[PDB]
Amino acid sequence: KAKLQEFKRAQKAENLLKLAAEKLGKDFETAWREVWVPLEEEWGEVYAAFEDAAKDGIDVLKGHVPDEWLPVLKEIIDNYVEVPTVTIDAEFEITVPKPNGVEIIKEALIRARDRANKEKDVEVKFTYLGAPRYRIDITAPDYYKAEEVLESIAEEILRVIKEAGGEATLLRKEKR
């Protein structure tokens with residue numbers, strides 16, 4: 001439970017810091033003195049400090065540890081420290097009665113995906129499953145945000161498809 005979980009988090013924080021020390025070419029004691037001690041005093045747990053950095057940016061540590069550490073800590077924390085997320089998936093059935101309907105569909109999807117993906121922390125992806133099915137996968141901080149992204153994307157796709165004389169439909173997987 002709790003304590004063991006504290007052990008495992010501290011173990012991992014130690015391996016990560018050691019990796020950083022090596023990359024940055026610094027002795028282990030220095031890493032402890034300069035990084036471990038400061039972060040532990042203020043976040044109460046070094047791994048939690050690494051999680052904040054992973055979620056809210058490496059600058060959360062700026063000021064608490066020398067600057068030379070930030071670069072290497074970012075790369076390492078970003079690779080190994082998970083950030084809470086949810087992913088949902090749905091699919092569109094899109095028909096565009098035109099010799100070039102297919103390419104028009106990609107254009108619309110590509111445009112919708114890119115737009116949606118410029119939003120911080122959101123990651124949208126489309127998977128063509130063979131006409132007229134297009135699966136959509138969304139990753140976001142929480143379910144509310146992910147649903148809002150879907151709704152936004154669906155509104156744009158339907159609008160654009162009905163403009164090109166086609167027809168789009170959003171299907172949702174009923175889970176229970």
# chains A, B, ... in the order shown; residues from 1 in each chain; ligands from 1
>>> residues_around(residues="residue A:64", least_positions_apart="6", cutoff="8 Å", atoms="only C-alpha atoms", output="number ranges by chain")
A: 35, 38-39
>>> residues_around(residues="residue A:137", least_positions_apart="2", cutoff="9 Å", atoms="only C-alpha atoms", output="list in words")
residues 87, 88, 89, 90, 91, 123, 124, 125, 126, 127, 135 and 139 of chain A
>>> closest_atom_pairs(of="stretch 51-96 of chain A", to="stretch 143-167 of chain A", cutoff="7 Å", atoms="only C-alpha atoms", output="JSON lines")
{"residue": "A:86", "atom": "CA", "partner": "A:143", "partner_atom": "CA", "distance": 6.3}
{"residue": "A:94", "atom": "CA", "partner": "A:167", "partner_atom": "CA", "distance": 5.9}
{"residue": "A:95", "atom": "CA", "partner": "A:167", "partner_atom": "CA", "distance": 5.4}
{"residue": "A:96", "atom": "CA", "partner": "A:166", "partner_atom": "CA", "distance": 3.9}
>>> closest_residue(among="A:37, A:140, A:168, A:31", to="residue A:105", atoms="only C-alpha atoms")
A:168
>>> select_by_dssp(residues="chain A", states="strand (DSSP E)", output="PDB file with N, CA and C atoms, in the first residue's frame")
ATOM      1  N   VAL A  86      -6.578  10.402 -20.358  1.00  0.00           N
ATOM      2  CA  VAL A  86      -7.674   9.517 -20.713  1.00  0.00           C
ATOM      3  C   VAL A  86      -7.682   9.531 -22.218  1.00  0.00           C
ATOM      4  N   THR A  87      -8.182   8.466 -22.819  1.00  0.00           N
ATOM      5  CA  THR A  87      -8.284   8.424 -24.261  1.00  0.00           C
ATOM      6  C   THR A  87      -9.674   7.875 -24.550  1.00  0.00           C
ATOM      7  N   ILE A  88     -10.321   8.424 -25.562  1.00  0.00           N
ATOM      8  CA  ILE A  88     -11.638   7.962 -25.958  1.00  0.00           C
ATOM      9  C   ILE A  88     -11.515   7.760 -27.444  1.00  0.00           C
ATOM     10  N   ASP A  89     -12.435   6.986 -28.001  1.00  0.00           N
ATOM     11  CA  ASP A  89     -12.441   6.724 -29.424  1.00  0.00           C
ATOM     12  C   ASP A  89     -13.883   6.631 -29.891  1.00  0.00           C
ATOM     13  N   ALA A  90     -14.108   7.070 -31.121  1.00  0.00           N
ATOM     14  CA  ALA A  90     -15.424   7.038 -31.732  1.00  0.00           C
ATOM     15  C   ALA A  90     -15.143   6.892 -33.210  1.00  0.00           C
ATOM     16  N   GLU A  91     -16.163   7.017 -34.046  1.00  0.00           N
ATOM     17  CA  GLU A  91     -15.906   6.935 -35.472  1.00  0.00           C
ATOM     18  C   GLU A  91     -16.931   7.644 -36.317  1.00  0.00           C
ATOM     19  N   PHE A  92     -16.473   8.081 -37.475  1.00  0.00           N
ATOM     20  CA  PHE A  92     -17.322   8.780 -38.410  1.00  0.00           C
ATOM     21  C   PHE A  92     -17.579   7.936 -39.637  1.00  0.00           C
ATOM     22  N   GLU A  93     -18.774   8.062 -40.184  1.00  0.00           N
ATOM     23  CA  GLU A  93     -19.081   7.386 -41.419  1.00  0.00           C
ATOM     24  C   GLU A  93     -19.256   8.594 -42.330  1.00  0.00           C
ATOM     25  N   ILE A  94     -18.335   8.739 -43.273  1.00  0.00           N
ATOM     26  CA  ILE A  94     -18.350   9.873 -44.180  1.00  0.00           C
ATOM     27  C   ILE A  94     -18.486   9.510 -45.667  1.00  0.00           C
ATOM     28  N   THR A  95     -19.540  10.008 -46.310  1.00  0.00           N
ATOM     29  CA  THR A  95     -19.755   9.749 -47.732  1.00  0.00           C
ATOM     30  C   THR A  95     -19.803  11.067 -48.498  1.00  0.00           C
ATOM     31  N   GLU A 123      -4.401  15.433 -28.004  1.00  0.00           N
ATOM     32  CA  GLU A 123      -3.796  14.667 -29.090  1.00  0.00           C
ATOM     33  C   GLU A 123      -4.872  13.864 -29.820  1.00  0.00           C
ATOM     34  N   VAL A 124      -5.182  14.303 -31.034  1.00  0.00           N
ATOM     35  CA  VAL A 124      -6.198  13.671 -31.859  1.00  0.00           C
ATOM     36  C   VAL A 124      -5.549  12.931 -33.014  1.00  0.00           C
ATOM     37  N   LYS A 125      -6.130  11.791 -33.371  1.00  0.00           N
ATOM     38  CA  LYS A 125      -5.629  10.944 -34.445  1.00  0.00           C
ATOM     39  C   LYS A 125      -6.773  10.220 -35.168  1.00  0.00           C
ATOM     40  N   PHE A 126      -6.707  10.174 -36.496  1.00  0.00           N
ATOM     41  CA  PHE A 126      -7.724   9.490 -37.291  1.00  0.00           C
ATOM     42  C   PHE A 126      -7.151   8.226 -37.903  1.00  0.00           C
ATOM     43  N   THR A 127      -7.969   7.182 -37.966  1.00  0.00           N
ATOM     44  CA  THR A 127      -7.550   5.912 -38.544  1.00  0.00           C
ATOM     45  C   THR A 127      -8.569   5.528 -39.602  1.00  0.00           C
ATOM     46  N   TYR A 128      -8.122   5.397 -40.850  1.00  0.00           N
ATOM     47  CA  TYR A 128      -9.020   5.012 -41.933  1.00  0.00           C
ATOM     48  C   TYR A 128      -9.234   3.505 -41.854  1.00  0.00           C
ATOM     49  N   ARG A 133     -15.789   4.270 -43.124  1.00  0.00           N
ATOM     50  CA  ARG A 133     -15.396   4.395 -41.732  1.00  0.00           C
ATOM     51  C   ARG A 133     -14.072   5.082 -41.435  1.00  0.00           C
ATOM     52  N   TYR A 134     -14.117   6.014 -40.490  1.00  0.00           N
ATOM     53  CA  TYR A 134     -12.933   6.718 -40.036  1.00  0.00           C
ATOM     54  C   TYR A 134     -12.995   6.751 -38.521  1.00  0.00           C
ATOM     55  N   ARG A 135     -12.053   6.062 -37.889  1.00  0.00           N
ATOM     56  CA  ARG A 135     -12.006   6.029 -36.446  1.00  0.00           C
ATOM     57  C   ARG A 135     -11.278   7.270 -35.977  1.00  0.00           C
ATOM     58  N   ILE A 136     -11.675   7.771 -34.812  1.00  0.00           N
ATOM     59  CA  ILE A 136     -11.029   8.922 -34.208  1.00  0.00           C
ATOM     60  C   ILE A 136     -10.638   8.553 -32.776  1.00  0.00           C
ATOM     61  N   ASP A 137      -9.403   8.874 -32.412  1.00  0.00           N
ATOM     62  CA  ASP A 137      -8.885   8.600 -31.075  1.00  0.00           C
ATOM     63  C   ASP A 137      -8.452   9.922 -30.484  1.00  0.00           C
ATOM     64  N   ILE A 138      -8.929  10.216 -29.280  1.00  0.00           N
ATOM     65  CA  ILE A 138      -8.572  11.458 -28.620  1.00  0.00           C
ATOM     66  C   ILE A 138      -7.930  11.202 -27.265  1.00  0.00           C
ATOM     67  N   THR A 139      -6.882  11.962 -26.972  1.00  0.00           N
ATOM     68  CA  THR A 139      -6.195  11.849 -25.697  1.00  0.00           C
ATOM     69  C   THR A 139      -6.224  13.229 -25.059  1.00  0.00           C
ATOM     70  N   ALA A 140      -6.612  13.296 -23.796  1.00  0.00           N
ATOM     71  CA  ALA A 140      -6.700  14.576 -23.110  1.00  0.00           C
ATOM     72  C   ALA A 140      -6.530  14.380 -21.602  1.00  0.00           C
ATOM     73  N   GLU A 167     -21.949  13.839 -46.651  1.00  0.00           N
ATOM     74  CA  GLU A 167     -22.695  13.604 -45.430  1.00  0.00           C
ATOM     75  C   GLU A 167     -21.807  12.851 -44.460  1.00  0.00           C
ATOM     76  N   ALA A 168     -21.730  13.360 -43.239  1.00  0.00           N
ATOM     77  CA  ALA A 168     -20.915  12.744 -42.210  1.00  0.00           C
ATOM     78  C   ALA A 168     -21.802  12.391 -41.032  1.00  0.00           C
ATOM     79  N   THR A 169     -21.430  11.346 -40.311  1.00  0.00           N
ATOM     80  CA  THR A 169     -22.198  10.920 -39.152  1.00  0.00           C
ATOM     81  C   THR A 169     -21.236  10.450 -38.078  1.00  0.00           C
ATOM     82  N   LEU A 170     -21.453  10.919 -36.858  1.00  0.00           N
ATOM     83  CA  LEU A 170     -20.615  10.519 -35.742  1.00  0.00           C
ATOM     84  C   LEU A 170     -21.324   9.395 -35.026  1.00  0.00           C
ATOM     85  N   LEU A 171     -20.646   8.259 -34.905  1.00  0.00           N
ATOM     86  CA  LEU A 171     -21.182   7.107 -34.204  1.00  0.00           C
ATOM     87  C   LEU A 171     -20.442   6.986 -32.867  1.00  0.00           C
TER      88      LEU A 171
END
>>> select_by_dssp(residues="stretch 139-176 of chain A", states="alpha helix (DSSP H)", output="count of residues only")
21
>>> closest_residue(among="A:18, A:78, A:36, A:44", to="residue A:66", atoms="only C-alpha atoms")
A:36
